[PDB]
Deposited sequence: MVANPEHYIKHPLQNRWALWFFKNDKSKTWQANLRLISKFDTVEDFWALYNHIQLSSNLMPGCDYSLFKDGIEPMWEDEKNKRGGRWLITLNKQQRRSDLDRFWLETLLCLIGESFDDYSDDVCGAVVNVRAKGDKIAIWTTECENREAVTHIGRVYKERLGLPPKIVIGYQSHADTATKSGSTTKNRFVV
């Protein structure tokens, strides 16, 4: 039966979508905490592939700013996916959507609590996507998140991805690899 009042399906966490065009240029677009509200937001906004050079989207848990200096990010780091310039057409939007689904779906088992959010950088040199985690020394969590994320994106067996601490990016060698 189609009810007169449809009840949405609540997500484990509330999420906030951000847009970058330094801390002046950040802008909170929208927040959501149901699956249906996620889809309504995703359906309405521009694809990452259609953004201007130097823009970012970020999706982070409610109350975490998408910046190194936030308390949940300070000690953390990121699993970085680097795309080449040709991959903008074939892979960018596809990888970004799947990243969003890994986040809102809590796809990393017990270690989804370590996940702070994700960022996509739209750049002329080549696009970048990253999952940001809260603590770079949580080796078991960082390792599990990396393996699952890489395999969810369907990245070639040949290529390796790397985890950088935000500390080493701020002063970059890989702290972990999968």
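Gaps in the coordinates relative to the deposited sequence fall at 1-2, 24-29, 180-184.
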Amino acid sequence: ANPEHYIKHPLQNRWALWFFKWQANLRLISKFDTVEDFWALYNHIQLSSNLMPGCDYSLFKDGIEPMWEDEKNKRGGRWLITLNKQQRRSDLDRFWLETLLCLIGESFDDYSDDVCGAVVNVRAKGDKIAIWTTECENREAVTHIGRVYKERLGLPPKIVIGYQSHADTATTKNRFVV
From here on, numbers count along this sequence of modelled residues.
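Here, rigid core means the biggest group of C-alpha atoms that superpose within 1.5 Å across both forms.
Between 128-136 and 44-52, the larger root mean square Cα shift in 7 other deposited structures of this protein, once each structure is superposed on the rigid core, falls on 44-52. After superposing on the rigid core, the larger RMS C-alpha deviation in 7 other deposited structures of this protein belongs to 84-92, the other candidate being whichever of 84-92 and 100-108 remains. Gaps at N2 occur in none of the other compared entries of the protein that contain both adjacent residues, all of which model it rather than a third dropping it. In the other compared entries of this protein that model both flanking residues, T172 lacks coordinates in at least a third of them. Higher average CA B factor: 25-33, of the stretches 145-153 and 25-33.
The stretch 53-61 shows the higher mean C-alpha B-factor when 34-42 is compared against 53-61 in the entry. Among all modelled residues in its chain, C102 ranks in the lowest third by Cα B-factor. The entry lists a Cα temperature factor for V122 that places it in the middle third of the chain's modelled residues. Ranked against the other modelled residues of its chain, the C-alpha B-factor of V178 as given in the entry falls in the highest third. Annotation for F20: C-alpha temperature factor in the highest third relative to the rest of the modelled chain, per the entry.
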